[PDB]
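Step one of this worksheet: look at the structure below.
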Amino acid sequence: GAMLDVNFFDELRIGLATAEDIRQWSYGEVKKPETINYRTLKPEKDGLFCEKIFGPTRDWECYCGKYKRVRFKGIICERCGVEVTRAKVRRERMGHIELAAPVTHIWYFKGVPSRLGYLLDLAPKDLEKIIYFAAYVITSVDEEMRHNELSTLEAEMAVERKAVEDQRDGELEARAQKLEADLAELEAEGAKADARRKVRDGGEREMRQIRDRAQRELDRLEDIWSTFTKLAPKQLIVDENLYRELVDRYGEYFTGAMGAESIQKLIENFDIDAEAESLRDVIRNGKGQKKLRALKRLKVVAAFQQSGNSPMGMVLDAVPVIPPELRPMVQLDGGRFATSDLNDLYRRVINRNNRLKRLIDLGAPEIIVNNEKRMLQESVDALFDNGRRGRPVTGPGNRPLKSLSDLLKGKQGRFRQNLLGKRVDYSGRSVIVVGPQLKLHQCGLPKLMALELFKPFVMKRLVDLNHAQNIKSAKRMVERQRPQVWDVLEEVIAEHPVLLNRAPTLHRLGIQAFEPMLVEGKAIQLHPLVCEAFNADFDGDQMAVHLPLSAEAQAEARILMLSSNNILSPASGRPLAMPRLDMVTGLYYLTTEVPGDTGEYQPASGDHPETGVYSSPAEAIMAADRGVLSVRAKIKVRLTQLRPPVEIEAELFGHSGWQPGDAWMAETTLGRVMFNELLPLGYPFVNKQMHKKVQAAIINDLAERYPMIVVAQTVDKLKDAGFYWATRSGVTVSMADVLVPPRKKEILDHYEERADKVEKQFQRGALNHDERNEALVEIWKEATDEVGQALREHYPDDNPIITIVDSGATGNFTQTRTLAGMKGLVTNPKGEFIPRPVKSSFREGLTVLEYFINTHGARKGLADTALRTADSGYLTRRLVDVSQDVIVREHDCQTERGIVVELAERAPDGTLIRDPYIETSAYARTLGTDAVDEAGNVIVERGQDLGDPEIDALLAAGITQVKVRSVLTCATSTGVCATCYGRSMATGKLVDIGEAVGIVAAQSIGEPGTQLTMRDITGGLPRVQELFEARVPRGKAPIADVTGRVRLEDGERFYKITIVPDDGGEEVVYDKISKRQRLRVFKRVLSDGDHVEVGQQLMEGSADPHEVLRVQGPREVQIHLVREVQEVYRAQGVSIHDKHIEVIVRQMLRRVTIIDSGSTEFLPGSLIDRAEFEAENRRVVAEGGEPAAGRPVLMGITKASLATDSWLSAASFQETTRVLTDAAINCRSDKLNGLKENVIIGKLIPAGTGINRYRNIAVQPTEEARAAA
DNA sequence: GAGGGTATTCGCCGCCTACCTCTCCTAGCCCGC
DNA sequence: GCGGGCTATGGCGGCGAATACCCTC
RNA sequence: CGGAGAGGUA
Ligand SMILES: [Mg+2]
Ligand SMILES: [Zn+2]
Ligand SMILES: [Zn+2]
């Protein structure tokens, strides 16, 4: 269509190649197994590197040397025949090898299921035999002629049997004569009875051999007759001698072959329409396993029938050769060439082909020719796919060779190593250190990495400033680092953003744009507030740097990816540039009020006026800096620049506001005034100790009420204040600080008494081993709890350890107990607790045995961590693949469908208790209906963001359930609409019209995978994997299918649960329920003669998703899946808004399984898209309707991803060979429309700034401004 | 012995990302100089 | 006689398809 | 700079 390519691509088609196509591609033939000569270091002729086939090896030159200049352009050499052109042509031209005998393609023969077996209706073993010269196949038979001659041939063979039996009977008459002769021979004298019986033994044993000769020789003819008369095509006869007898006796009436040519002949004499009709008949009728087999047979046959693609492409007559420059051969140090894997396989094929050609041409016995044809078949099979059948062809050192198939498959294959990832210029890498003087939009770049990243700009500016007359001098001056290159560089790098990236890039914020400022050293200086977003630390971490060049890239960096614009987590909406650790400690210390502090406010004592009332924060600062006042002391100041609180302002100023400049009296500490002076001017006074939660709330309110620049400035000021006041807080560690509980020994002795009593009871046989272990474990768990409580009580409130823990800076009190009080129980390598337990804290010093038994759990955790980091990436990749085509396309579909959120179910006694999990179920949603309470007016109008004010008003009105718009019910044909999706968590406003929400959902779900521990019912990452894969859970618990009472029965290893419906139509029953599983408690535990709902889960465990869909429909399975995934993630304290899971689930319920084909062409049991199914049914019903029938189906993410309409997106995900071989048979065309496909073909992705409405915007100066010029 | 219904076993597919340093790629034997 | 080139029984889970064992006609 | 193996950092 477009030869090389050149853009304006419209479709990419794939299909089988016939011998004609393969011979048209080739520019020549390879018929000599010679690669390159050593003396002249030139390719040979008619080899794998010939310059007369693949192209010249030197630009505008000939192997002849006749023409070696551009003037001789386009002329084919008259001496050597090599065309004169550029050397790059060797990357394009291909050659072919003309096989002496037909060869089958291994993909369509060995790949399970065998696509030749279904096509020809032959078992895989029959193909294995016929193709590898071990059996004979009847390619043809003559029926009418042989039927006519059957009557005569019957009599002919009857006469021939007459000859056999009559010769036998005459020879037996001779045997009888010899028998009488022997009788007389031993009767002429006195012989022995054993002698007579011996002559009879010999003679009559050879007469029994006469009878057995009749038997065997005539059964030979009977077998010949039976085989010949009933023989039909596609019959395999072993014992070549039998076939030789058949052909010799009946040369005509049939034709038998052996090898790939036999299969080629069979395919040639094979009509497709008749077979398709026969299979359709067997499908419409018959039933049974025959119908199931006919379904697959018809799949393949209709695939080969619908298109103009003959099935004769499976048998090869020519073999294409890849261009040489894509399979080059290099030389090790010294000049010794090491062969590539492809070259060796090509050489083997060529050798075998030539030797077989010689053997056939010179004439030879059939055995030798057949053996050589088999050895050529094997070599050609190994070329395409080495190791599929038989032992892999191994090279030096016993390692299998890399075939042509290996180039396309695996993590090191073409796709996932070269098309989905690249090596890019204008990038570097170095270690990262903390720069506390930077700003959120700034980074520090060494003054030796910038000089290399920004080289061309520096050269341009040097030439412009007349520092270098030309480009070469500027280049060399840059390479020599003259003192002025730095002066020009500082100007060059100004206002040019830089992209920094840390691996692994779990989520979106792993790449952010900053502004470069040159620093001293060789490390990168990273602002402390982006570490959580990058998940970076300063113990040896490294990062990469990228530089966008073009104007669009710079605009994207400056607006989309700038760090100061990305403060909130896209997954949940919580801030990520919040202070942490040292900043939290400093602010927490600053905004504290310690009673009885220096300079504290004192009421009037009756002799002197009040002490501690100041007339301005300036005077308070003066007093503090004079040592008379403490920053953490309660004072009464007179504030005129801080806006008063809500209550104080309401009761003091009222009116409209405080109108900056007014004065009011505050009773607070100096530190809190200092802190509130950091917040925006209009923010009401905050008078509280700044726990991490309080700071988080302040930052979130700022984000949701103010512009983002205000938030950035506020966080920077808080950073400065915290880093200043952490140094003065006085937090250090010494063994004097690590206090020990005062009465640890008493508690340990008290519980050791109980342990001893349990041990003595065990000794007296009162309990077994497990009971003793359980009792000891409970005793020691209680002991550890008491020790921890005592330790918590003992510590003062200003201890550095307790201050750091309770400040929210980092850590938890379990570590404090381990350090000071006691470590307690430790786990065996199995996972069970050691009943000892460990009894010394790390302050005292564990003994040798305690340390050794601690090492077990110490190592098991690291091993599990490695396993989990391995497990999570696969799930993330699968999620990204399944839902990569979900993009916001419309502003509003104006539908009315919606879902209902629990939204604070009412209390029994009467009260509105808020549902704990409401932030991830109601916020950032738009109402699909109006909210009316107690016949009142609408509280919230349809189409409202439903934020904090809205939810608070709804709760105040007294309504528990509301209907909201969701992606599960969007009515857009392709993609979701903005209103159904709702608010964008990162931006805080309605999502844009080019938002790729599928990838955001995938990264949000997969990023907190390592945190989610991998801990017989699955309860972690395996549980998530089986939920998203829609597999049978494990502890599958039956679910009712019709409401009714149950006659519960009790038995060992089985429980009979019968569904007695209220209607009484029929009773379902399950008797295989093992006694190990419990009975679920619904409404009291499940009991005999108890009515149950339709979807109630009788037993305990996990329900299978495929049955709830059958019983309760799609909505119920959707809510079930969302609830299960949310439960799994909440168990580990991770918050993910339900819209991401809703996107993922929506991508899993998108098809319908077909039942009745009707006038429609859908085959029974196939998975068909719902939109296409409905469209086809509606089209058909117009004209004498015979609509097809379908049912909802649930698919896993892997199947849903491999059932794509693009054969290029599925081949880059998994199972490249199977996808390619099926697509080639179905002759699928790829309409390139998607993120992955456009990335692969190097075209703008259809999302974000690549949509038509954005990429095709027009700009011009205004008329007024144009005139003002 | 073929049919239809169960079990049973074997083969294939999958198993995170980025970066740094260091050592080695046949053996036999037959022909040629 | 030595060098160079040519040839010749420590993964594991899921899943499906190719095939053991038993009642029926 | 193509392959195989060994060790290591986040
Ligand atoms: Mg680190
Ligand atoms: Zn020439
Ligand atoms: Zn919609």
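In the structure tokens, each chain is lettered A, B, ... as it comes, each chain's residues begin at 1, and ligands are numbered from 1 in order of appearance.
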
Leaving out residue D:6 and any residue of its chain fewer than 5 positions from it, which residues lie within 12 Å of it when counting only C-alpha atoms (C1' of nucleotides), given as a PDB file with C-alpha atoms (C1' of nucleotides), in the first residue's frame?
ATOM      1  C1'  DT B  21      32.267  -3.807  37.727  1.00  0.00           C
ATOM      2  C1'  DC B  22      34.855  -8.319  36.121  1.00  0.00           C
ATOM      3  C1'  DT B  23      36.145 -12.797  33.052  1.00  0.00           C
ATOM      4  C1'  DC B  24      35.333 -16.161  28.837  1.00  0.00           C
TER       5       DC B  24
END

Contacts of stretch 1152-1156 of chain A at 8 Å (only C-alpha atoms (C1' of nucleotides); same-chain gap of 6+ positions) as a PDB file with N, CA, C and O atoms, in the first residue's frame:
ATOM      1  N   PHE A1162     -22.921 -15.075  13.976  1.00  0.00           N
ATOM      2  CA  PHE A1162     -22.187 -15.387  15.195  1.00  0.00           C
ATOM      3  C   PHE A1162     -22.290 -16.876  15.503  1.00  0.00           C
ATOM      4  O   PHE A1162     -23.389 -17.434  15.553  1.00  0.00           O
ATOM      5  N   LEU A1163     -21.143 -17.517  15.713  1.00  0.00           N
ATOM      6  CA  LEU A1163     -21.138 -18.933  16.031  1.00  0.00           C
ATOM      7  C   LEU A1163     -21.560 -19.145  17.486  1.00  0.00           C
ATOM      8  O   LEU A1163     -21.284 -18.306  18.347  1.00  0.00           O
ATOM      9  N   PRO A1164     -22.231 -20.255  17.790  1.00  0.00           N
ATOM     10  CA  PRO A1164     -22.661 -20.491  19.172  1.00  0.00           C
ATOM     11  C   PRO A1164     -21.481 -20.558  20.128  1.00  0.00           C
ATOM     12  O   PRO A1164     -20.417 -21.093  19.809  1.00  0.00           O
ATOM     13  N   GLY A1165     -21.685 -20.000  21.320  1.00  0.00           N
ATOM     14  CA  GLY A1165     -20.696 -20.045  22.374  1.00  0.00           C
ATOM     15  C   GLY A1165     -19.585 -19.025  22.259  1.00  0.00           C
ATOM     16  O   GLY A1165     -18.703 -18.996  23.126  1.00  0.00           O
ATOM     17  N   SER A1166     -19.595 -18.190  21.225  1.00  0.00           N
ATOM     18  CA  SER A1166     -18.538 -17.211  21.034  1.00  0.00           C
ATOM     19  C   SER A1166     -18.803 -15.960  21.868  1.00  0.00           C
ATOM     20  O   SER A1166     -19.944 -15.635  22.208  1.00  0.00           O
ATOM     21  N   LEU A1167     -17.723 -15.253  22.195  1.00  0.00           N
ATOM     22  CA  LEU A1167     -17.788 -14.008  22.953  1.00  0.00           C
ATOM     23  C   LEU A1167     -17.812 -12.851  21.961  1.00  0.00           C
ATOM     24  O   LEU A1167     -16.858 -12.655  21.201  1.00  0.00           O
ATOM     25  N   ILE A1168     -18.898 -12.084  21.976  1.00  0.00           N
ATOM     26  CA  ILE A1168     -19.113 -11.000  21.028  1.00  0.00           C
ATOM     27  C   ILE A1168     -19.386  -9.719  21.802  1.00  0.00           C
ATOM     28  O   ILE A1168     -20.078  -9.725  22.825  1.00  0.00           O
ATOM     29  N   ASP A1169     -18.832  -8.616  21.307  1.00  0.00           N
ATOM     30  CA  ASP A1169     -19.040  -7.321  21.939  1.00  0.00           C
ATOM     31  C   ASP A1169     -20.525  -6.979  21.971  1.00  0.00           C
ATOM     32  O   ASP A1169     -21.267  -7.240  21.022  1.00  0.00           O
ATOM     33  N   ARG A1170     -20.956  -6.385  23.086  1.00  0.00           N
ATOM     34  CA  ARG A1170     -22.376  -6.095  23.254  1.00  0.00           C
ATOM     35  C   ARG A1170     -22.872  -5.089  22.225  1.00  0.00           C
ATOM     36  O   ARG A1170     -23.969  -5.254  21.683  1.00  0.00           O
ATOM     37  N   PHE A1173     -23.140  -6.847  18.910  1.00  0.00           N
ATOM     38  CA  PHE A1173     -24.249  -7.790  18.984  1.00  0.00           C
ATOM     39  C   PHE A1173     -25.588  -7.081  18.821  1.00  0.00           C
ATOM     40  O   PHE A1173     -26.426  -7.498  18.010  1.00  0.00           O
ATOM     41  N   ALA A1188     -30.262 -13.117  16.905  1.00  0.00           N
ATOM     42  CA  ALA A1188     -29.461 -14.026  17.707  1.00  0.00           C
ATOM     43  C   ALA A1188     -29.711 -13.781  19.192  1.00  0.00           C
ATOM     44  O   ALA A1188     -30.193 -12.723  19.604  1.00  0.00           O
ATOM     45  N   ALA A1189     -29.374 -14.780  19.999  1.00  0.00           N
ATOM     46  CA  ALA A1189     -29.549 -14.723  21.440  1.00  0.00           C
ATOM     47  C   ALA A1189     -28.191 -14.701  22.128  1.00  0.00           C
ATOM     48  O   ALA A1189     -27.223 -15.296  21.647  1.00  0.00           O
ATOM     49  N   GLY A1190     -28.128 -14.006  23.262  1.00  0.00           N
ATOM     50  CA  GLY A1190     -26.890 -13.902  24.006  1.00  0.00           C
ATOM     51  C   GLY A1190     -27.149 -13.737  25.488  1.00  0.00           C
ATOM     52  O   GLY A1190     -28.252 -13.383  25.915  1.00  0.00           O
ATOM     53  N   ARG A1191     -26.106 -14.004  26.272  1.00  0.00           N
ATOM     54  CA  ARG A1191     -26.151 -13.896  27.719  1.00  0.00           C
ATOM     55  C   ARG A1191     -24.916 -13.159  28.230  1.00  0.00           C
ATOM     56  O   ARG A1191     -23.847 -13.243  27.619  1.00  0.00           O
ATOM     57  N   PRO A1192     -25.025 -12.429  29.343  1.00  0.00           N
ATOM     58  CA  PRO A1192     -23.841 -11.759  29.892  1.00  0.00           C
ATOM     59  C   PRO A1192     -22.753 -12.753  30.271  1.00  0.00           C
ATOM     60  O   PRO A1192     -23.026 -13.877  30.695  1.00  0.00           O
ATOM     61  N   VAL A1193     -21.504 -12.319  30.108  1.00  0.00           N
ATOM     62  CA  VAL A1193     -20.337 -13.132  30.419  1.00  0.00           C
ATOM     63  C   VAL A1193     -19.323 -12.281  31.170  1.00  0.00           C
ATOM     64  O   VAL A1193     -19.175 -11.082  30.912  1.00  0.00           O
TER      65      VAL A1193
END

Distance cut-off 7 Å, counting only C-alpha atoms (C1' of nucleotides) - which residues of chain B neighbour chain A? Return them as a ChimeraX atom specification.
/B:16-18,26

Writer output for current selection, N, CA, C and O atoms (P, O5', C5', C4', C3', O3' and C1' of nucleotides), as an mmCIF file, in the first residue's frame:
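Listed below is the output, out08.cif:
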data_model
loop_
_atom_site.group_PDB
_atom_site.id
_atom_site.type_symbol
_atom_site.label_atom_id
_atom_site.label_comp_id
_atom_site.auth_asym_id
_atom_site.auth_seq_id
_atom_site.Cartn_x
_atom_site.Cartn_y
_atom_site.Cartn_z
ATOM 1 P P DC B 16 9.110 -10.783 36.995
ATOM 2 O "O5'" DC B 16 8.876 -9.259 37.432
ATOM 3 C "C5'" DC B 16 7.980 -8.434 36.697
ATOM 4 C "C4'" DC B 16 8.241 -6.957 36.958
ATOM 5 C "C3'" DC B 16 9.525 -6.405 36.370
ATOM 6 O "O3'" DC B 16 9.371 -6.077 34.999
ATOM 7 C "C1'" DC B 16 9.129 -5.527 38.571
ATOM 8 P P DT B 17 10.659 -5.717 34.109
ATOM 9 O "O5'" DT B 17 11.212 -4.362 34.756
ATOM 10 C "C5'" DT B 17 10.505 -3.143 34.567
ATOM 11 C "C4'" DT B 17 11.257 -1.973 35.180
ATOM 12 C "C3'" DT B 17 12.683 -1.794 34.697
ATOM 13 O "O3'" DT B 17 12.728 -1.084 33.469
ATOM 14 C "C1'" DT B 17 12.540 -1.473 37.072
ATOM 15 P P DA B 18 14.050 -1.135 32.558
ATOM 16 O "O5'" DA B 18 15.142 -0.328 33.408
ATOM 17 C "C5'" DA B 18 15.073 1.089 33.492
ATOM 18 C "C4'" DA B 18 16.082 1.640 34.490
ATOM 19 C "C3'" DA B 18 17.536 1.324 34.200
ATOM 20 O "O3'" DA B 18 18.078 2.192 33.213
ATOM 21 C "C1'" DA B 18 17.074 1.090 36.536
ATOM 22 P P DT B 26 35.049 -21.777 21.064
ATOM 23 O "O5'" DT B 26 35.164 -23.229 21.725
ATOM 24 C "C5'" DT B 26 34.007 -23.863 22.266
ATOM 25 C "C4'" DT B 26 34.301 -25.309 22.628
ATOM 26 C "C3'" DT B 26 35.752 -25.727 22.479
ATOM 27 O "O3'" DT B 26 36.050 -26.840 23.321
ATOM 28 C "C1'" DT B 26 34.453 -26.707 20.745
#

Ligand 1: which residues are within 8 Å, counting only C-alpha atoms (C1' of nucleotides) and all ligand atoms, as a list in words?
residues 536, 537, 538, 539, 540 and 541 of chain A; 10 of chain D

Compute the set of chain C residues within 12 Å of chain A, using only C-alpha atoms (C1' of nucleotides), and express it as a ChimeraX atom specification.
/C:4-5,7-8,13-18

Write out as a ChimeraX atom specification each polymer residue (protein, DNA or RNA) that has an atom no more than 12 Å from ligand 3, with only C-alpha atoms (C1' of nucleotides) and all ligand atoms counted.
/A:887-898,926,928,964-982

Find the residues in chain D near chain A: any atom within 9 Å counts, using only C-alpha atoms (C1' of nucleotides). Write them as a PDB file with N, CA, C and O atoms (P, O5', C5', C4', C3', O3' and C1' of nucleotides), in the first residue's frame.
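The file below, selection26.pdb, is the result:
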ATOM      1  P     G D   2      25.648  -3.222  19.677  1.00  0.00           P
ATOM      2  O5'   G D   2      26.010  -4.771  19.771  1.00  0.00           O
ATOM      3  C5'   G D   2      25.409  -5.608  20.751  1.00  0.00           C
ATOM      4  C4'   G D   2      25.424  -7.058  20.329  1.00  0.00           C
ATOM      5  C3'   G D   2      25.269  -8.082  21.445  1.00  0.00           C
ATOM      6  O3'   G D   2      23.920  -8.285  21.830  1.00  0.00           O
ATOM      7  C1'   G D   2      27.070  -8.707  20.047  1.00  0.00           C
ATOM      8  P     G D   3      23.564  -8.734  23.332  1.00  0.00           P
ATOM      9  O5'   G D   3      24.115 -10.226  23.437  1.00  0.00           O
ATOM     10  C5'   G D   3      23.476 -11.294  22.753  1.00  0.00           C
ATOM     11  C4'   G D   3      24.189 -12.604  22.981  1.00  0.00           C
ATOM     12  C3'   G D   3      24.277 -13.075  24.426  1.00  0.00           C
ATOM     13  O3'   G D   3      23.101 -13.739  24.859  1.00  0.00           O
ATOM     14  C1'   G D   3      26.403 -13.260  23.398  1.00  0.00           C
ATOM     15  P     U D   9      24.950  -4.767  47.824  1.00  0.00           P
ATOM     16  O5'   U D   9      24.618  -3.425  47.034  1.00  0.00           O
ATOM     17  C5'   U D   9      25.366  -2.239  47.258  1.00  0.00           C
ATOM     18  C4'   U D   9      24.749  -1.055  46.557  1.00  0.00           C
ATOM     19  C3'   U D   9      23.284  -0.783  46.866  1.00  0.00           C
ATOM     20  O3'   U D   9      23.099  -0.071  48.075  1.00  0.00           O
ATOM     21  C1'   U D   9      23.631  -0.690  44.529  1.00  0.00           C
ATOM     22  P     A D  10      21.778  -0.297  48.957  1.00  0.00           P
ATOM     23  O5'   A D  10      20.643   0.476  48.156  1.00  0.00           O
ATOM     24  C5'   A D  10      20.681   1.888  48.021  1.00  0.00           C
ATOM     25  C4'   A D  10      19.688   2.373  46.997  1.00  0.00           C
ATOM     26  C3'   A D  10      18.230   2.054  47.279  1.00  0.00           C
ATOM     27  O3'   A D  10      17.644   2.933  48.222  1.00  0.00           O
ATOM     28  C1'   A D  10      18.726   1.583  45.013  1.00  0.00           C
TER      29        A D  10
END

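Closest approach to residue A:1158 among A:1235, A:425, A:284, A:64 is made by A:284 (distances from only C-alpha atoms).
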
Please extract the residues at most 7 Å from ligand 2, counting only C-alpha atoms (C1' of nucleotides) and all ligand atoms, and provide them as a ChimeraX atom specification, using the chain letters and residue numbers of this document.
/A:62-67,77-82

N, CA and C atoms of the current selection, written as an mmCIF file, in the first residue's frame:
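Now in out-v6.cif:
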data_model
loop_
_atom_site.group_PDB
_atom_site.id
_atom_site.type_symbol
_atom_site.label_atom_id
_atom_site.label_comp_id
_atom_site.auth_asym_id
_atom_site.auth_seq_id
_atom_site.Cartn_x
_atom_site.Cartn_y
_atom_site.Cartn_z
ATOM 1 N N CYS A 62 31.500 -1.371 -6.373
ATOM 2 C CA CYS A 62 31.198 -2.707 -6.865
ATOM 3 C C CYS A 62 32.261 -3.676 -6.376
ATOM 4 N N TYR A 63 31.856 -4.929 -6.165
ATOM 5 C CA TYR A 63 32.826 -5.974 -5.860
ATOM 6 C C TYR A 63 33.809 -6.146 -7.011
ATOM 7 N N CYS A 64 33.400 -5.753 -8.220
ATOM 8 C CA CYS A 64 34.307 -5.790 -9.361
ATOM 9 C C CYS A 64 35.361 -4.694 -9.265
ATOM 10 N N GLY A 65 34.990 -3.535 -8.722
ATOM 11 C CA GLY A 65 35.836 -2.363 -8.768
ATOM 12 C C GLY A 65 35.711 -1.557 -10.041
ATOM 13 N N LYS A 66 34.837 -1.967 -10.962
ATOM 14 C CA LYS A 66 34.702 -1.271 -12.237
ATOM 15 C C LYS A 66 34.207 0.157 -12.037
ATOM 16 N N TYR A 67 33.228 0.343 -11.155
ATOM 17 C CA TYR A 67 32.637 1.648 -10.886
ATOM 18 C C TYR A 67 32.719 1.937 -9.394
ATOM 19 N N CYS A 77 26.321 -3.358 -12.631
ATOM 20 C CA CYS A 77 27.660 -3.700 -13.092
ATOM 21 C C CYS A 77 27.593 -4.758 -14.185
ATOM 22 N N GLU A 78 28.330 -4.526 -15.272
ATOM 23 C CA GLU A 78 28.329 -5.460 -16.390
ATOM 24 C C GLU A 78 29.210 -6.676 -16.133
ATOM 25 N N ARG A 79 30.132 -6.593 -15.173
ATOM 26 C CA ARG A 79 31.065 -7.679 -14.894
ATOM 27 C C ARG A 79 30.587 -8.553 -13.740
ATOM 28 N N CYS A 80 30.332 -7.949 -12.579
ATOM 29 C CA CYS A 80 29.878 -8.689 -11.409
ATOM 30 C C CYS A 80 28.363 -8.731 -11.277
ATOM 31 N N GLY A 81 27.651 -7.768 -11.861
ATOM 32 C CA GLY A 81 26.208 -7.730 -11.779
ATOM 33 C C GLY A 81 25.649 -7.033 -10.559
ATOM 34 N N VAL A 82 26.492 -6.448 -9.718
ATOM 35 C CA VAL A 82 26.037 -5.756 -8.518
ATOM 36 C C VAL A 82 25.576 -4.358 -8.900
#

As a PyMOL selection string, list the residues of stretch 191-433 of chain A assigned to strand (DSSP E or B) by DSSP on the backbone atoms of this structure.
chain A and resi 236-237+254-257+315-321+330-332+336-338+394+400+427-433

With N, CA and C atoms retained, export the selected residues as a short mmCIF file (atom, residue, chain, number, x, y, z; two decimals), in the first residue's frame.
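Here's the written file part-v8.cif:
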data_model
loop_
_atom_site.label_atom_id
_atom_site.label_comp_id
_atom_site.auth_asym_id
_atom_site.auth_seq_id
_atom_site.Cartn_x
_atom_site.Cartn_y
_atom_site.Cartn_z
N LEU A 236 -4.20 -44.20 7.17
CA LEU A 236 -2.78 -44.44 7.41
C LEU A 236 -2.55 -45.94 7.60
N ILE A 237 -1.65 -46.50 6.80
CA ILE A 237 -1.27 -47.90 6.91
C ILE A 237 0.21 -47.97 7.25
N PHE A 254 -5.90 -46.17 -6.62
CA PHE A 254 -5.58 -45.29 -5.50
C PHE A 254 -4.17 -44.76 -5.71
N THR A 255 -3.87 -43.65 -5.03
CA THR A 255 -2.54 -43.05 -5.06
C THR A 255 -2.13 -42.76 -3.62
N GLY A 256 -0.97 -43.27 -3.23
CA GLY A 256 -0.45 -43.08 -1.88
C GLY A 256 0.85 -42.32 -1.89
N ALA A 257 1.00 -41.39 -0.95
CA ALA A 257 2.19 -40.57 -0.82
C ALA A 257 2.66 -40.61 0.63
N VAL A 315 2.18 -25.22 3.67
CA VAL A 315 3.24 -26.04 3.08
C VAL A 315 4.12 -25.13 2.23
N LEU A 316 5.41 -25.12 2.53
CA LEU A 316 6.35 -24.16 1.96
C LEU A 316 7.12 -24.78 0.80
N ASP A 317 7.34 -23.97 -0.24
CA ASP A 317 8.24 -24.32 -1.33
C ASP A 317 9.47 -23.44 -1.38
N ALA A 318 9.43 -22.26 -0.76
CA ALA A 318 10.58 -21.38 -0.65
C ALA A 318 10.67 -20.86 0.78
N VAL A 319 11.87 -20.43 1.16
CA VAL A 319 12.14 -19.94 2.50
C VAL A 319 12.78 -18.56 2.39
N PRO A 320 12.17 -17.50 2.92
CA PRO A 320 12.79 -16.18 2.84
C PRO A 320 14.01 -16.07 3.75
N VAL A 321 14.91 -15.16 3.38
CA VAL A 321 16.14 -14.91 4.13
C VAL A 321 16.13 -13.46 4.57
N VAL A 330 30.13 -10.51 13.92
CA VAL A 330 31.19 -9.66 14.44
C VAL A 330 32.43 -10.52 14.69
N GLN A 331 33.54 -9.85 14.94
CA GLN A 331 34.82 -10.50 15.20
C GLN A 331 35.29 -10.14 16.60
N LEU A 332 35.72 -11.15 17.36
CA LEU A 332 36.27 -10.91 18.68
C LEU A 332 37.63 -10.21 18.56
N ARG A 336 38.75 -12.72 14.90
CA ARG A 336 38.12 -14.03 14.79
C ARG A 336 36.61 -13.85 14.85
N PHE A 337 35.92 -14.34 13.82
CA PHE A 337 34.48 -14.12 13.67
C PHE A 337 33.71 -15.20 14.42
N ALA A 338 32.75 -14.78 15.24
CA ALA A 338 31.85 -15.69 15.92
C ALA A 338 30.50 -15.67 15.21
N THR A 394 21.48 -27.48 19.47
CA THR A 394 22.36 -26.76 20.38
C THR A 394 23.69 -26.46 19.72
N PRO A 400 20.90 -24.00 23.51
CA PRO A 400 20.05 -23.91 22.33
C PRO A 400 20.23 -22.58 21.60
N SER A 427 20.15 13.07 28.33
CA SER A 427 19.81 12.52 29.63
C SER A 427 21.09 12.16 30.37
N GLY A 428 20.98 12.11 31.70
CA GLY A 428 22.10 11.81 32.56
C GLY A 428 21.62 11.16 33.83
N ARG A 429 22.56 10.96 34.76
CA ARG A 429 22.27 10.29 36.01
C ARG A 429 23.34 10.63 37.03
N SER A 430 22.93 10.79 38.29
CA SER A 430 23.86 11.05 39.38
C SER A 430 23.14 10.78 40.69
N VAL A 431 23.89 10.88 41.79
CA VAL A 431 23.34 10.68 43.12
C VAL A 431 22.60 11.95 43.54
N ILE A 432 21.61 11.78 44.42
CA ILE A 432 20.77 12.88 44.88
C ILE A 432 21.10 13.19 46.34
N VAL A 433 21.20 14.48 46.65
CA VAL A 433 21.37 14.96 48.02
C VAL A 433 20.31 16.02 48.28
#

List every residue of stretch 1104-1139 of chain A that DSSP, applied to the backbone, labels as alpha helix (DSSP H), and write the result as a list in words.
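Residues meeting the alpha helix (DSSP H) criterion: residues 1105, 1106, 1107, 1108, 1109, 1110, 1111, 1112, 1114, 1115, 1116, 1117, 1118, 1119, 1120, 1121, 1122, 1123, 1124, 1125, 1126, 1127, 1128, 1129, 1130, 1138 and 1139 of chain A.
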